[PDB]
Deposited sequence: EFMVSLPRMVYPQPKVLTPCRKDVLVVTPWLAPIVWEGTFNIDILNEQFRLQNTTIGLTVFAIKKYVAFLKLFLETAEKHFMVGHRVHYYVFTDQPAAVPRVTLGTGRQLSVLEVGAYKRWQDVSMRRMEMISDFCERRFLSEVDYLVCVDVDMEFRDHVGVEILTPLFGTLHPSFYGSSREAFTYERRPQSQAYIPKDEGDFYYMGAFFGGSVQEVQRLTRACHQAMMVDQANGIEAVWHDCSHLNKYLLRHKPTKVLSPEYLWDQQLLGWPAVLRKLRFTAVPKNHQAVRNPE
């Protein structure tokens, strides 16, 4: 779409001969940024996305006992997720009446969809996350792109042969030992509505094929196969999907933004 000029802004000059980070990879081999603290100026990005009147959809499934995680999830999203931008939460649940009444900031809305094209007209981007989580620091427009995945926090330092991809050749999710860029976790992915729908359609079909052939990480295996074959346009660092009880707070993580609930 047509993009208006940015206003005058005052910020430190980028330093061509100073790397952002010397401890981590900040760009994939297909030139997608890998999003770590210290790589982005959020004021620039906020301007760019507000000038497009960007709306972000946040989708969460909360079935059976998982409804209990909604209150903390939504309260913390209010403090940390896309603050200043238009947000539409979509809570898919078998217990609509048990969704807690959480107070939202202006320009933010929540829809409860009961489970046993709306997204295209309502939001620009869709972000798909697990509900048994809390935001502890900024998660903002720096993630937005046509298609993103997030590095699994248990495997970011692992060699690809150790990745727990699907290794049975009979599965549609099969990845051999000599293939793989990263191990992505399904607990946080997203993109444009069109790209997220492409992904979820592909995954659903591959899973149907495997079921027909008698074969069943499941969600993570199919995601990982899709993102191998359709490279994400941004990758989120493990700042964006962490478990402090399991993994601590290593020096490489400057912020812990979205985490497991103890």
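Residues 117-137, 238-239, 286-295 of the deposited sequence, counted from 1, carry no C-alpha coordinates in the model.
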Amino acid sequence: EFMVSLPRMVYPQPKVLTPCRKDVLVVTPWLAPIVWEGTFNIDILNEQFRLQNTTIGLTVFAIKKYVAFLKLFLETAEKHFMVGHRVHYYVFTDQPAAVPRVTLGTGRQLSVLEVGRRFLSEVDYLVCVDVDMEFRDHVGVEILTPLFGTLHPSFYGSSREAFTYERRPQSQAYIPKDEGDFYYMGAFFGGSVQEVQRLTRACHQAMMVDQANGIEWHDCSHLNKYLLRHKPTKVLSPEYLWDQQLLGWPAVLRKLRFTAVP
From here on, numbers count along this sequence of modelled residues.
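Comparing 141-149 with 178-186, the higher mean C-alpha B-factor in the PDB entry belongs to 178-186. 228-236 and 207-215 differ in mean CA B-factor, and the higher of the two is recorded for 207-215. Remark: of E122, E134, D130, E78, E122 shows the highest value [criterion: C-alpha B-factor in the PDB entry].
Within the group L25, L241, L247, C20, the record's highest C-alpha temperature factor is found at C20.
Annotation for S159: C-alpha temperature factor in the highest third relative to the rest of the modelled chain, per the entry. When the CA B factors of the chain's modelled residues are split into thirds, the value for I56 lands in the lowest one. Per-chain ranking of the deposited C-alpha B factor places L199 in the middle third. Among the modelled residues of its chain, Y165 has a C-alpha B-factor that falls in the highest third, as given in the PDB entry. In the PDB entry, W36 places in the lowest third of its chain by CA B-factor.
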